[PDB]
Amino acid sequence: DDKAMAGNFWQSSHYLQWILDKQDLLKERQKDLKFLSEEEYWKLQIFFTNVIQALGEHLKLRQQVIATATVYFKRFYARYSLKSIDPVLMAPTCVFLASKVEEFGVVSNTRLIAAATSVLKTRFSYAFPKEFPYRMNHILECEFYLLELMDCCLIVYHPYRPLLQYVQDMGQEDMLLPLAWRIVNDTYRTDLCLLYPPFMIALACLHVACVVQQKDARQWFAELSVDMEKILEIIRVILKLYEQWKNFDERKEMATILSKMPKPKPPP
């Protein structure tokens, strides 16, 4: 069960290369902010996170594979514009590539295209009037571009494994684990996975879950040796997300926002 490189985070490519400076991230984002607002851009990120989730659930992939695919997507559009490659093509390519990093079961070509077509038609018809226009040759082309940008960095660490270790250490698995695990899922609607190490994200999610369920765990959090100001930073992003969630009607707004995206220019 996915134990490869588990205790190597501090010497991994994730840490050394794909934990980014926030100001460098915002600087590269300014080219897409000429067309979209800051608010509109964050809503696009939420929307496509849900698209990758919906594809993953359709293909019966475990949550960790879906997360890795979400990160591949985020990493691509951290570096490049939305106009560079169509995110409707990139999302299923990220899922396809992530699934091949595992050796327990394989996703076929025909099955991928069927899933992409089916999910966008049944669950995302509010955003997309027309059917999925891309065939498999476009997925296979896009995969090469994706792999090249990521500098072949494919092993991604997530907060689920440390979270599991923390709740077991509390002795509060039945009480806290389901809620804490969904909050970890929700953090992929944000940039948190590009800015902080996973174990810090897991602690923040576990704090919020304790606040929600009114469980005093201040002494347990005190017993840890970690930068608590870094966690409070993450907590504030999570609390901000749920206020964004409240005020965002994805279904009403995403067609208009998707038309404001800059478009790929054709050849001469």
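In case it trips you up, residue 1 is the first one in the sequence shown, and so on. Basically, rigid core = biggest C-alpha set you can superpose within 1.5 Å across the two forms.
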- Query: How do 96-104 and 180-188 compare in 9 other deposited structures of this protein: which one has C-alphas farther from this form after the rigid core is matched?
  - Reply: 96-104
- Task: Return whichever of 106-114 or 165-173 has the larger RMS Cα deviation from the displayed form in 9 other deposited structures of this protein, where every structure is aligned on the rigid core.
- Result: 106-114
- When the C-alpha temperature factors are averaged for each of 61-69 and 211-219, which stretch ends up with the higher value in the entry? 211-219
- Residue range whose averaged C-alpha B-factor is higher in the record, 27-35 or 232-240: 27-35
- Note on the structure: Among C153, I183, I85, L176, the highest C-alpha B-factor in the PDB entry belongs to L176
- Binned into thirds over the chain's modelled residues, the C-alpha B-factor of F128 lands in the highest
- Message: Ranking the modelled residues of this chain by C-alpha B-factor as given in the entry, is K246 in the lowest, middle or highest third?
- Response: middle
- Split the chain's modelled residues into thirds by Cα B-factor; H138 lands in the middle
- Using the B-factors in the PDB entry, rank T93's C-alpha atom against the chain and give the third, lowest, middle or highest. lowest
- Item | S225 CA temperature factor, ranked by third within the chain | highest
